[PDB]
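>>> this one's structure only:
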Ligand SMILES: COC1=C(OC)C(=O)C(C/C=C(\C)CC/C=C(\C)CC/C=C(\C)CC/C=C(/C)CC/C=C(/C)CC/C=C(\C)CC/C=C(\C)CC/C=C(\C)CC/C=C(/C)CCC=C(C)C)=C(C)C1=O
Ligand SMILES: CCCCCCCCCCCCCCCCCC(=O)OC[C@H](COP(=O)([O-])OCC[N+](C)(C)C)OC(=O)CCCCCCCCCCCCCCCCC
Ligand SMILES: CCCCCCCCCCCCCCCCCC(=O)OC[C@H](COP(=O)(O)OCCN)OC(=O)CCCCCCCCCCCCCCCCC
Ligand code: SF4
């Protein structure tokens, strides 16, 4: 193909490499799934070794790991801290509660899955999913944003 | 001239970094994106309201102590004087007076924070 | 050639800052029974470049309530003052040779505090206001104590230049005559650099992120670069002042190597301290620096006034 | 490199103009910090570095305490800057225009009075000791320890009595 | 030097004009006082450096010391005013007319 | 010597201590959490703070 | 062409749509980043009746469901027609920013629109953009509209603050609807 | 293990020895095999200006010895 197309593809690879090697989650959790999330932070699995480091403010966050039961009282707050994240942001639902309500699906005060509130990039199943499974979801998200072709789509526009 | 040049180079470097940081990435800003952060909820009141200061007396004391520092700072040239006895006595008096003021404020609980 | 000298000072300092971030991650991990970054690059050495590129390709935040002018001005001010504080250090020859070097250092440090304050006030948020006020209290305490410490040390040295400090420590470190104020100076540098246990402005657990809680991407990167450059800066200043590297007129490379080793050891000590200790409360920091350090600092200042007088060891003017 | 001191003096005048125009005290302290830095540069250009660095450090501490105080009690919901009021911004640009007009008037009408553009940069350093040690400005301030002990003791008593005074005022 | 001294005198004149023309903020008035102080310091320092008067070089430091004591007392009085009223308003400080 | 512009004046108090209206304490209200590291995720601690 | 290929195609012709992510209200609000507002003939003799994006979308959905909409051309317009000057004046009044209009002739306005349009990314404006800005909206007389598709046209005065509150500063951020004077409407 | 820190430590060490060594070499190169002269006082500055006038090439570092004396 064109020489400029190759340059654009390599720039896409570089941008995707940077964004997948530096994934900072918001220090945000709701329940037992967030307990497994800090067990992923624990020395056995070392998200920091993978380059994944928690940041407290949503402004410095890249991904949002919805780890727990999203209730009706919590949903505006979750939407607010999602909206306050800057644009290259991703969402990892974790556990059956955040996926589709889970054990509290038919409850009066539970949002039936956080995908009703925020656009979810990756769903991690389990109750709780193990820290292995959450780490697998993080690596799958890294592959997904490695697959992104933003500058190539912009060039083909 | 060299110091001015390197200061200007630092200024240009940081301005270039913040300029490329603001003009390089894709912009998508809306109202909820740029609303202020209050841990997920709306702020009850503006952050420009008065915000009480419990160490105001310590800050005023810091002003006076900083001027005591400014008085004490010509000592490395003062020790070169011919009359070292006068300089030594005056420096001792100054540091002792400063220490007595600190001790009096400590006794009168000025270093403790209000409420 | 002077511009090439500017480049070969500025660029290696920036790369050393980025690899200081990497080495903090590795050292904290290995002190926390984990590994730290070893995937991004051979041994994690591409992780800081990945983080820098991600932050500079993420969009910045411009909040509605935020004063845009000071919000923009504060991080570039912080980075410029960090590099300006780096500029006059002799290793053993400074890029800019000053007479009142430590006075330049003190002025530039206080202006960096102003960068933090203006960031906290411009980012119109309550956590940012908390970070600004905590910065005010912290810099009050360490400013008075550190000024008296440096006054006593340079009274032993004799002048405000730093090549004079090299000549002073030609035969012996100043750690041996002045080790109590060396300890107090080390704690003062921790509080100046806002490192644990005296960080208290980027309060992770007490606040959310403190003064830079509304900052995102590029300006946040500028703040982080300024802080870690200040870490290497203050440790370099500590080893220049107190742990005098071996200086020989025929070869300065030995001085540069010894300075590098001692500065790396002090920076690793900073990371070690952050791993080891829990955070102070910010009124306890002021009470510490005003009730324990300050009376002893005044006493030792009087002692170092007296000491060259009764020992006849008054230092030379030049 | 001739009008460098004049440019600094003009910047100091502009900073004092903003401080006189009185924005919110955060911006007032900012203008005072910039004016202090500019005055430090002016003292640096005219001579010894010690006085400029001293006033710089003193004003850094002072405006730090002022910033804390204006966040404490001298604040409002909408802080007023130079651009928030049309009258204040108009006074700012009118003061700049009046400064330019006055320096042009003193350049043309008064010839060599206080301002001379042709003579600018010629009368900055009058006389200097070309060969000589012990000439820097900090040595006189050091001579306050020996030559002016009365000056030393009145300054020290001012600080001591000031500690007692502020404790008694804020005793409440 | 004469153009610089004229500019410093005009800076003092502007700071005095700001002090004499009150707005709502006593803190802003104190800042104008500190600007007058800064102009005085710079004038004294450049005069001493121009005339090589090292004997008179302690005078600017003495000016700074006493002026900082003035600013300290002003901040303490502003603390008392804010404790009385809630603001530092000179329009609130007005009940001594009768 | 009262006039129209000074007829509204009152004599000063005998002890020079004026009865002022009690100003309302404007304490800062903060939402500590739920998005807070110390709030354990789902706590909205409404904090009324003086300083 | 769509009528030739698909003879019973429902053709919906809306006016300049305004909404949260539009390029009409946000465009005129982003005119504040320059010194003045360069309108052609000072914004007069140019009539516009913008239509809400939710109204257009409700009309489209009701066209999917409506049995009597087949083969028709609908005209989706707002309830009030404004001159371009009064519209931009109302936009800047809702922004509380400032308002400095400037009469700029159309040929040089198209020139600077072309200059902005020669951009590799999304341009701020184009020659076609400024031409569509200064083309007046026709008055829909025979065509059916939002009322005939069952949608009440919500007014710009009612839905304006959900768009232009972002472009305000901190001083005017908490300003209500009633603090801005509504623009004068024209019957023609 | 604990020696995986050593690559980053070595990069930091090289990036810290570069500025001082490069500054010394640049001073020596720009002053002609000698260290850059320090004028901390007016006497030393006057010496530097006298050397600059004496050299005849408007460079203070070009020193003249006994070859200029008959
Ligand atoms: C039981 O009840 C409950 C709780 O209660 C106990 C809860 O809590 C709770 C909530 C639970 C959670 C939210 C889970 C959260 C998990 C934890 C709290 C545990 C995890 C632990 C931590 C967060 C502590 C981590 C500690 C560390 C030491 C890690 C280090 C972290 C840091 C932030 C510091 C390091 C910094 C970074 C990672 C970023 C650094 C890098 C940069 C910013 C890069 C800057 C560099 C540049 C810009 C340089 C550029 C310049 C150049 C010259 C480069 C050249 C470039 C080229 C391209 C050439 C729930 C739900 C709950 O039910
Ligand atoms: C750069 C060189 C190396 C520096 C040291 C670097 C390595 C060590 C780093 C350790 C980690 C520090 C992390 C932060 C710790 C913060 C807490 C802290 O330090 O608190 C300070 C603590 C405070 O103690 P405290 O707060 O627990 O005490 C309680 C005090 N009250 C009740 C009032 C609250 O200690 C000090 O303040 C001591 C400072 C040093 C004193 C040194 C004195 C030496 C002896 C002098 C001469 C004695 C003889 C005189 C002549 C007699 C003749 C007969
Ligand atoms: C983002 C905005 C940032 C604004 C703030 C910028 C801060 C810059 C960094 C901190 C500066 C702190 C103050 C330093 C003052 C000078 C210190 C000093 O001692 O300088 C003296 C020195 C030589 O003097 P001496 O040591 O006696 O040597 C004589 C014999 N060798 O050297 C000299 O005499 C040289 C005199 C000039 C030195 C300072 C140069 C400053 C240049 C301007 C910076 C700002 C530009 C304007 C804004 C641009 C747009 C943002
Ligand atoms: S999915 Fe299971 S483990 Fe996870 S938050 Fe829900 S109940 Fe807890």
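That came through fine. Numbering: from 1, shown residues only, chains lettered A, B, ... in the order given. Ligands and ions are numbered 1, 2, ... in the order given.
>>> any chance you could map the helices in chain H?
Counting by DSSP state H, chain H has helices at residues H:6-30, H:42-55.
>>> In three-state terms, how would residue A:15 be classified?
helix (DSSP: H, G, I helix; E, B strand; the rest coil).
>>> Name the helix or strand for residue C:5, please.
Assigning secondary structure by DSSP states H and E places residue C:5 in helix C:2-31.
>>> when you compare where that helix runs with where helix H:6-30 runs, what's the angle?
For helix C:2-31 against helix H:6-30, the angle by axes from the mean of the first three to the mean of the last three Cα atoms, to 10 degrees is 160 degrees.
>>> now the strand or helix carrying residue D:30, how far from the chain's geometric center?
Using DSSP H and E, residue D:30 falls within helix D:25-46. From the chain centre to the centre of helix D:25-46 is a distance of 5 Å (Cα atoms, centre = their mean, to the nearest Å).
>>> hmm, back to that, which of the helices of chain H sits closest to chain B?
Of all the helices of chain H, helix H:6-30 sits nearest to chain B, with 11.6 Å by Cβ to the nearest Cβ. C-betas here are computed from N, CA, C, even on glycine.
>>> does any part of that closest one sit near chain A?
No - on the criterion Cβ under 8 Å from any Cβ of the partner chain, helix H:6-30 is out of touch with chain A, staying 13.8 Å away.
>>> Quick one: list the elements packing against that helix.
helix C:2-31, helix C:253-276 (3 or more Cβ pairs under 8 Å, 6 or more residues apart in numbering or on different chains; DSSP states H and E).
>>> With distance to ligand 1 and mean neighbour count added, can I get the ones you listed in TSV?
As requested, the helices and strands packed on helix H:6-30 are exported to TSV (distance: least, Cβ to the nearest ligand atom, whole Å; neighbours: other Cβ atoms under 10 Å in any protein chain shown):
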stretch	distance to ligand 1	mean neighbour count
helix C:2-31	4	20
helix C:253-276	7	19
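>>> Just put those in CSV and tack on distance to residue F:25.
Converted to CSV, the helices and strands packed on helix H:6-30 look like this (distance: least, Cβ to Cβ, whole Å):
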stretch, distance to residue F:25
helix C:2-31, 43
helix C:253-276, 39
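>>> Tell me which of these lies nearest to residue E:42.
helix C:2-31 (30.7 Å; Cβ to Cβ).
>>> thinking again about what came up before, and the helices and strands packed on helix H:6-30: which comes nearest chain E?
helix C:2-31 (28.3 Å).
>>> Out of the helices of chain H, indicate the one that is most buried.
Counting by mean count of other Cβ atoms under 10 Å in any protein chain shown, helix H:6-30 has the highest mean neighbour count of those, with a mean of 19.
>>> can you list the residues of chain A near chain C?
So far as Cβ under 8 Å from any Cβ goes, chain A lies against chain C at A:14-15, A:17-19, A:21-22, A:43, A:46, A:48-51, A:53, A:55-57, A:59-60, A:62, A:86-88.
>>> what about the helix holding residue D:30 and chain G, any contact?
No - residues of helix D:25-46 contacting chain G under Cβ under 8 Å from any Cβ: none, with a closest distance of 13.6 Å.
>>> ok, that helix near chain C or not?
Yes - residues of helix D:25-46 are located near chain C by Cβ under 8 Å from any Cβ, namely D:26, D:30, D:33, D:40.
>>> the strands in the chain, which residues?
Since you didn't name a chain, this refers to chain A. A:63-67, A:90-94, A:122-124 (DSSP state E).
>>> my question was about chain F
Using DSSP E, strands in chain F cover F:28-32, F:45-49.
>>> on that earlier part again, out of the helices and strands packed on helix H:6-30, nearest to residue G:128?
Short answer: helix C:2-31, nearest of these by Cβ to Cβ, at 45.9 Å.
>>> ok now that closest one, how far from the chain's centre?
Counting by Cα atoms, centre = their mean, helix C:2-31 comes out at 14 Å from the chain centroid.
>>> what helices or strands is it leaning on?
helix B:2-23, helix C:47-57, helix C:68-86, helix C:218-241, helix C:253-276, helix H:6-30.
>>> okay, the angle between that helix and helix C:68-86?
100 degrees.
>>> Are helix C:2-31 and ligand 3 in contact anywhere?
No - contact of helix C:2-31 with ligand 3 (Cβ under 6 Å from any ligand atom) is absent, the minimum separation being 13.9 Å.
>>> For the residue sitting nearest the centre point of chain E, give its distance to chain C.
Compute the mean C-alpha point of chain E, and by Cα atoms, centre = their mean the closest residue is residue E:33, 2.1 Å away. According to Cβ to the nearest Cβ, to the nearest Å, residue E:33 stands 21 Å off from chain C.
>>> any idea how far that residue is from residue D:56?
Here residue E:33 is placed at a distance of 19 Å from residue D:56 (Cβ to Cβ, to the nearest Å).
>>> that older thread, name the helices or strands packed onto the helix holding residue D:30?
helix C:101-122, helix D:4-21, helix D:49-72, helix E:2-20, helix E:26-51.
>>> Can you add distance to ligand 3 and give those helices back as JSON lines?
Listed next are these as JSON lines, based on distance: least, Cβ to the nearest ligand atom, whole Å:
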{"stretch": "helix C:101-122", "distance to ligand 3": "5"}
{"stretch": "helix D:4-21", "distance to ligand 3": "9"}
{"stretch": "helix D:49-72", "distance to ligand 3": "4"}
{"stretch": "helix E:2-20", "distance to ligand 3": "16"}
{"stretch": "helix E:26-51", "distance to ligand 3": "12"}
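>>> out of the strands of chain F, nearest to chain E?
strand F:28-32 (14.2 Å).
>>> Spatially nearest residue to residue A:46, not counting backbone neighbours?
Among residues not flanking residue A:46 along the chain, residue C:34 sits closest, at 4.5 Å (Cβ to Cβ, 6 or more residues apart in numbering or on different chains).
>>> Could you look up the SS state of that neighbour?
Residue C:34 - assigned by three-state DSSP - is coil.
>>> Tell me who's in contact with it.
Shown in contact with residue C:34 (Cβ atoms under 8 Å, 6 or more residues apart in numbering or on different chains): A:43, A:46, A:48, A:49.
>>> separation between it and residue A:28?
Following Cβ to Cβ, the distance that separates residue C:34 from residue A:28 is 22 Å.
>>> again, but for residue G:45
55 Å.
>>> Which one's more surrounded, those two?
residue A:28 (26 against 12; other Cβ atoms under 10 Å in any protein chain shown).
>>> How many residues are close by the nearest residue to the more buried one once chain neighbours are set aside?
With Cβ to Cβ, 6+ apart as the criterion, residue A:28 has its nearest non-adjacent residue at 5.7 Å, and that residue is residue F:35. By the criterion of other Cβ under 10 Å, residue F:35 has 28 neighbours.
>>> cool, the one 10 residues further on as well?
Using other Cβ under 10 Å, the number of residues around residue F:45 comes to 13.
>>> so how many other residues sit close to the closest residue to it other than its chain neighbours?
In this structure, residue F:45 finds its nearest non-sequential neighbour in residue F:32, 3.8 Å apart by Cβ to Cβ, 6+ apart. Around residue F:32 there are 19 other residues, counting by other Cβ under 10 Å.
>>> what sits against residue F:32?
With Cβ under 8 Å, 6+ apart, residue F:32 has these contacts: B:39, F:38, F:39, F:43, F:44, F:45, F:46, F:47.
>>> who's in contact with the first one?
Okay, so that is residue B:39. Here residue B:39 is in contact with A:77, A:81, C:208, F:31, F:32, F:33, F:34, F:35, F:36, F:39, F:44 (Cβ under 8 Å, 6+ apart).
>>> Can you list phi and psi of the residue nearest to residue A:46 for me?
phi -130, psi -170 (degrees, to the nearest 10).
>>> quick one: it and ligand 3, what's the gap?
According to Cβ to the nearest ligand atom, to the nearest Å, residue C:34 and ligand 3 sit 40 Å apart.
>>> Excluding chain neighbours, what is closest to the closest residue to ligand 3 within chain A?
Closest contact between chain A and ligand 3, by Cβ to the nearest ligand atom, is at residue A:59 (22.5 Å). Spatial nearest neighbour of residue A:59, excluding adjacent residues (Cβ to Cβ, 6+ apart): residue C:216 at 3.8 Å.
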